[PDB]
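Below: one structure, written as structure tokens.
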Amino acid sequence: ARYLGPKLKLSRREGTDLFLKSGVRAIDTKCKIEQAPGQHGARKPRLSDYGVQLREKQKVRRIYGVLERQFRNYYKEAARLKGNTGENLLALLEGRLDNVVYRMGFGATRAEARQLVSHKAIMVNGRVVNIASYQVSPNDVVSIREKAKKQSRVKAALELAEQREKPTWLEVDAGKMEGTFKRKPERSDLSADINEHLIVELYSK
Amino acid sequence: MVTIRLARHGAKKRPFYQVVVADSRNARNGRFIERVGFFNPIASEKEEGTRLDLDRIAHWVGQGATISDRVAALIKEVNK
Amino acid sequence: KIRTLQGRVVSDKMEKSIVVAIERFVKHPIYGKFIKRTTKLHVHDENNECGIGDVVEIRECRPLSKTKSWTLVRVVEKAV
Amino acid sequence: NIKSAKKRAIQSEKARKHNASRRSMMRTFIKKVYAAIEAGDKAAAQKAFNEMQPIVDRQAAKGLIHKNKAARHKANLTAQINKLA
RNA sequence: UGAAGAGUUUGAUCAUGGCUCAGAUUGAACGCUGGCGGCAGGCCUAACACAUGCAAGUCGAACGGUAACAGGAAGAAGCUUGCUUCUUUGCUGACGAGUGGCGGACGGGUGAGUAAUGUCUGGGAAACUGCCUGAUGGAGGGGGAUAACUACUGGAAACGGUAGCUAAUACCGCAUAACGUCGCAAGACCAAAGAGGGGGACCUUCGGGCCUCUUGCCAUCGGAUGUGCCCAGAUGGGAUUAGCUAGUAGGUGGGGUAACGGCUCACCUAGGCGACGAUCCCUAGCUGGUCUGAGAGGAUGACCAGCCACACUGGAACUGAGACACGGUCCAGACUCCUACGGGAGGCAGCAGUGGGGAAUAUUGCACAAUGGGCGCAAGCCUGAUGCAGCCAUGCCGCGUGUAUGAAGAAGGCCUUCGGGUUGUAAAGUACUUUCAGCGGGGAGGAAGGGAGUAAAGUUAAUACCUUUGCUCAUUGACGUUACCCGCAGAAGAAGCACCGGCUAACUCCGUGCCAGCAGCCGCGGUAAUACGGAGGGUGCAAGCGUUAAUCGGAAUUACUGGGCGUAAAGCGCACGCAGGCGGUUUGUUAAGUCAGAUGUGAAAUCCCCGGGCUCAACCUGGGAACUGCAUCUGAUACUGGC
């Protein structure tokens, strides 16, 4: 099933941008002119502690577009290998193929990157992959499939990705549409403006 | 008789085999005397994808135990 | 080594047998409390130097009759 | 009557009468040694045993009594025949 | 492989005390609703009951034969005069039926019974077994049977009988032989079968000699696995179930049996059992496990493995290596079906389907193509085993219902003294890409193993079987319109459910009006319940979501981890005391308990911890860990126990 909820209203709702309809413009942005509170802010109640957890839980899941039970599987996989449930949980979401295609710059939104996985337009190790939940292996090569390597919207996403900083744990060539995934996401370059002291209170119990 | 045979595992489409010493009486998947290793018909990317103690096979031949043709092909799969 | 027990005669009313009581004298596995736990055996003896109240030493051996497998060795306290 | 098993039933019922007649045949020879023990007569029970061993050895040759009963038929009475012989 | 919190006694507060919620498992069931695939599960109920069909067959390399198909021949002919359908001949291959041996105790199924000396953990000593494996030995002769078949016959039928013919690896006498046994020895008993594939050289009434291989028969005892006998430890509770038994307790003897033993008959002595719960009843298969908890623990032992008991009631014996023989045999009881009235027959707790039952569980399915088991040395045959599809969200896991852009923000709605808000960048417009699907095209892997040729001083006696690292070829598909890819438009065909005042995240507005309708507590509602119905927006989850049932996690409220008895559950009114428990010090001793060292046992699967395999996960699988203990060995020697 798909959420199908709003793209930018949720970014404003928690006061924190989701890289939804906002990743490539600064002018002519269509972002509802950065909506001033009007008579709404004066009528907003305080959230409960049970609700503050849920606001975090939904935010951290929806920024990557992932399923609940898979996000919970990563909460069980972050508990092992001295990984910290508050630290490796983020790197498990960031390490999915549907986000590796995004960080290689092939799509200007996560949904435009997940499009390439879901339409079988991506390959890993030279093999076609349709699984968005795939955990990419270290020192493995990700590339755009032969039948998709001429897309001008991907050349145009790369025209913009050449102007961005890359993750330290991967590389990509804008000509070949190809990159080595060097390492699993690392706390030496991975950071997020999320409540890392609060995500530990989840699934307990 | 006491025989050296492949026990059927791996479930559907990609079977996996445990090489055992067992009695041929009654139940197909009956109790088994001893295991000597494992055999994989599928590529595993490892040079220990199949493992056998050929000296322990020679010790069970030293008990007079029977051999099955599929296990003679397994002894060939470890290049004897 | 063979199994041997010390116990006491609780009935001598039959000629070639003695009823012998043996104990466990050990802690209970979930309470730590000592439990004596007495069990009776119908022990063979055709010597008749012992009787009721005598402390006796018995050994485990082959069945001789229905439910009977233990036999007399010696009198331990020798009170008479 | 559903697995067409009928021939094994007649081969078993034929073997019933036959195996019982194998036992009857050798029991008649044993009966005649315990009758010679009643006869109180000069080596008569030893002579009754000299004709019995070849009837119990044959009845043991395919099965029937060969586990221990034949080795009883050739030893359980061998001190009693020795008396009045 | 590791540790909770929150709602709740009131006018307050603090104890003491019970109640409650977020969570989860399931052969679930019901309703709203339902896109793809794989993997698993799928009559627990009525131990009530069946019409129909299937499910277990097979070997001619044991063989009297020939119901058929090839090939030859003969012939009735057929005619087309050179061959053949015939349809007979058993010759060769081969093979329906029978003889003969094996399989059926495999394959499976039920969980009624059983708190069990059954089951689970671990030990004891005394026996029995086919294939297998080891050791030491044997291979002569005769008498005739007996299906089938042939001619007769009892009967309504099931189901057989009379008389004769016929073979063997089917039967029975005589013989022969220890490893076996009797006779202190001379001596003697008791066995049986071969079958088929190949032949160099040499000889031959060219029949056989001679060579040889694979696989069989008999002799009497070991080994493995299996089976039987004994025992210690472990298993649910209740006494408002208290008395039990006297074939019972101990013993001896006969009889039987594989060993042992009350297994069984007869007799002698006079007990035995219960307090640590016998007797009685209820519930229940047990275990590895399944699920759950940080753990102690709790619930539960389907499906899958390791054992058991059972298959309409009860008793019984026989057959085989193995059967207290589920589809074998006998007999009565019940139930039924058939009857020609004379009698007979039968077992859905194997796979389907049906009747009855029930909340409820599939096709009166496809193939034998791979795998095991069966017959067969191998070819070949059989297989609702096994492989699979059909039907069923019943569970697990991944995955589809596109991506981007598009306005003071349109048409349509909902909130709104009407400022604006919200649906909503949603739509329309445009760009842009097609996964899955549909249809057409191409089409893997599961088809190896065996077989043919080639090669090998294979072993043997170099081209019988069989073996061989290889090479070369004809071959085998239920699933299946497979997987995977290509091609073609075209975003095209693909979404619900419950809830939104507190615990409790989402927010209002309308209707209902103490009536209806909700609820776990709160209590709501007597016409502003955002608490009952609906609408707009929203929350959460999603091919599911809600509801019910059972049982767990919250639970430190059964108590060691980790409580109470003055006043908030309760110290017995008091003393005495049997049975049971505890008990100062010093020097030895034995080494049970104890501690140490070490080995065996602790199945697979499953879990945990760490990895690997198809694009992931489901699924599958390597490693590490534990199974606290139990059994046994060799030491230590303080303290307890024994002395």
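What follows draws every value from the coordinates through simple rules; no lab data is involved. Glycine gets a Cβ as well: all are built from the backbone with ideal geometry, and neighbour counts include every protein chain shown.
A few remarks follow.
- Computing FRET efficiency as 1/(1 + (r/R0)^6) for C:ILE30 and C:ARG3, where r is the C-beta to C-beta distance and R0 is 35 Å, gives about 0.85.
- Positive contributions from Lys and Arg (+1) and negative ones from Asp and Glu (-1), summed over other residues with Cβ under 13 Å from the Cβ of A:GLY107, come out at +3.
- A cut-off under 14 angstrom between Cβ atoms defines the neighbours of A:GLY51, and their net charge, with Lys, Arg +1 and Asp, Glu -1, is +2.
- A simple spin-label model places the labels of D:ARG72 and B:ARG51 5.5 nm from each other, with each point 7 Å out along Cα-to-Cβ.
- Sites A:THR180 and A:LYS149, calculated FRET efficiency, Cβ-Cβ separation with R0 22 Å, nearest 0.05: 0.80
- For A:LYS205, the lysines whose Cα comes closer than 22 Å to its Cα, not counting residues fewer than 8 places off in the same chain, are A:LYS57, A:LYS59, A:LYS76, A:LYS82.
- Value of Rg to Rh for chain B (Rh from inverse mean 1/r over Cα pairs, i.e. Kirkwood): 0.96
- Between B:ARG35 and D:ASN19, the distance separating the two model label sites (each 7 Å from Cα on the Cα→Cβ line) works out to 4.3 nm.
- Ellipsoid fit via the Cα gyration tensor, chain A: semi-axes of 30, 23, 14 Å, each the root of five times an eigenvalue, largest first.
- Label-to-label distance for C:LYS40 and D:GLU51 is 5.8 nm, based on points extended 7 Å past Cα in the beta-carbon direction.
- For trypsin sites (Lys or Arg not before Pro), the sites in region D:1-84 that DSSP calls loop and that have at most 15 other Cβ atoms within 10 Å are D:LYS3, D:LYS42, D:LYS62, D:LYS67, D:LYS74.
- Estimated FRET transfer efficiency (A:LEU81, A:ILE27; beta-carbon r; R0 41 Å; 0.05): 0.35
- Loop-located trypsin sites (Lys or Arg not before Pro) in region A:33-138 (DSSP state other than H, G, I, E, B) with a sparse environment of at most 12 neighbouring Cβ atoms within 10 Å: A:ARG46, A:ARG80, A:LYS82.
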